[PDB]
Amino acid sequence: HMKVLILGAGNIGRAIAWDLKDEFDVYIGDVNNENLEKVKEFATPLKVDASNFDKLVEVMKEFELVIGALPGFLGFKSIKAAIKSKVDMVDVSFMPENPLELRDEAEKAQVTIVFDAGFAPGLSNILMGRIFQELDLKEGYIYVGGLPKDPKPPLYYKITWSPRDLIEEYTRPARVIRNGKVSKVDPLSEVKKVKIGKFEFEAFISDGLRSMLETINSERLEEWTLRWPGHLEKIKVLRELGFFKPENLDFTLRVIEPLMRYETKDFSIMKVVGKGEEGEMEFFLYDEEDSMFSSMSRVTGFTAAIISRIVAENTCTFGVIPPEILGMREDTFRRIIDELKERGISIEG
């Protein structure tokens, strides 16, 4: 079993570790011990600060694969480290910067990096890429949400993944492709009711499309994030009052985060729609928290691990590769769907 290093022992990172524990000798580095304590049984913990770049690259030379599960602010650097250190990487962090900026350096260094390998982006992109190949795509829609099974006031949401990254969904523009071009909207500004199966949600346009903006050529492309009602209106007022400004964000989170940390199971819901000249395609996912992990962890984490296997297998070329590429080729797409099913994540359509 080859050596693998996962950066970050957060909820996502721990799930990736669990999934890969018997196929690789996995090492997971984090800066927080309490989190590392959680993983000693299945991975070998390392005290690592991804913050320190020259130091990080040194740790990297030992391994043949790195998987990134850091907070978003730290991701671009880790990618940089991997490339300098010449190790293949699969990254899940919700980084603000664009990984494709690093494409040349990656190609030259002959390593392959797959970024945004989570639930959405990630599996989200992969399904779209598939639709993109199978259809002469005109319009694409993604509806996605990680939600609490039993929502509760006052915020009706359960925190399952990094909150700093989460607030960003509300705080910056969301881009879409309208009339064939990229366009920006205020996410908070247009919220609508959508019903999917039994559920009634409020949906807002979000900035999850990411690489798909350049990658998927269609007239219309939008991703909508799903929420229980009552959540967004409250968030909007906070934003309006400046509570999300960087100066106060830490303080505001301290207040609100506890409200969103109550006991409930969580679920994952995704719907992907593709419209073409002759036909439409629709994919659907519903997942729930298992005994060990939240759905968000399962879906984001297992998807990354599955992708990691694909990379370790040498399937892919050098450079920085968007996750939707994986969708576009049949062998890779099918494998992903199959592995997901193995793990109880059933994607339909």
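Quick note: we count residues from 1 along the sequence shown, nothing fancier.
- Taking only CA atoms, the mean B-factor in the PDB entry is higher for 148-156 than for the other of 148-156 and 205-213.
- When 115-123 is weighed against 236-244, 236-244 comes out higher, by mean CA B-factor as recorded in the entry.
- The entry assigns its greatest Cα B factor, within the set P187, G180, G279, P71, to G279.
- Of the candidates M60, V299, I321, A305, the PDB record gives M60 the highest C-alpha temperature factor.
- Split the chain's modelled residues into thirds by C-alpha temperature factor. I345 is in the lowest one.
- Among the modelled residues of its chain, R220 has a C-alpha B-factor that falls in the middle third according to the deposited record.
- Annotation for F76: CA B-factor lies in the middle third of the chain's modelled residues.
- In the PDB entry, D338 places in the lowest third of its chain by CA B-factor.
- For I310, the recorded CA B-factor ranks within the middle third of the chain. Only modelled residues enter the ranking.
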